């Protein structure tokens, strides 16, 4: 039994801390409006979604991204209070954060014990998946740029070790044209556009099949493709005949 007037939320049957439907609220003592966003209460930082519900998690304030923690995580903190959390990673569900000396979450590129990570500027959450950053293509897992062949919006790119091609940054997709790539014990072939080819291919008189999901040549034994079984050698070359 509450009402929302002109994007401002009020509850009747009210000011201060209110538990409603299990979810926690703080209606401003003066305006009776439900607090939204970063909110200071008794010198203690809290954070509410746009709907007024208090949150546990990592959210941006005027001093950067803060950790709004469950009860009794640090000192005797109240549920939802921002806490001191220094020089370490935080793992919340499948999200990863790195917290600095001033208990704020890292954003952008950061070097942690000699390893480089990228944390999304808008969430502080460890990057995952294809990303374009200052016109450079990266493919992230758990905040770490991956090396290998991964599928982006324009097909499979070669995300390479530093200085593979004219000083590319570590994990940056590079130009890599009309040639085989032998990488993870895996075999790939790259066309003129620097994308890995998939499917059946004839290259230098030999037949190959590059798996659609990974772009790796079928290699090292028996494979089923199109409902039948083929043998592919150690070099990815299809043997004669079909079983």
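Numbering follows the first chain given and starts at 1.
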item: Sequence continuity check, residue 13 and residue 14 (deposited residues unmodelled); value: 4 to 9
item: Comparing 57-65 with 185-193, the one whose average Cα B-factor in the PDB entry is higher; value: 57-65
item: Per the entry, higher mean C-alpha B factor between 215-223 and 17-25; value: 17-25
item: Largest Cα B-factor, entry values, listed residues 201, 178, 42, 204; value: 42
item: Residue 236, C-alpha B-factor rank within chain (lowest, middle or highest third); value: lowest
item: Cα B factor band for residue 164 (lowest, middle or highest third within the chain); value: middle
item: Cα B factor band for residue 76 (lowest, middle or highest third within the chain); value: highest
item: Assigned third (lowest, middle, highest) for the C-alpha B factor of residue 101; value: highest
item: CA B-factor placement of residue 157, once the chain's modelled residues are sorted into thirds; value: lowest
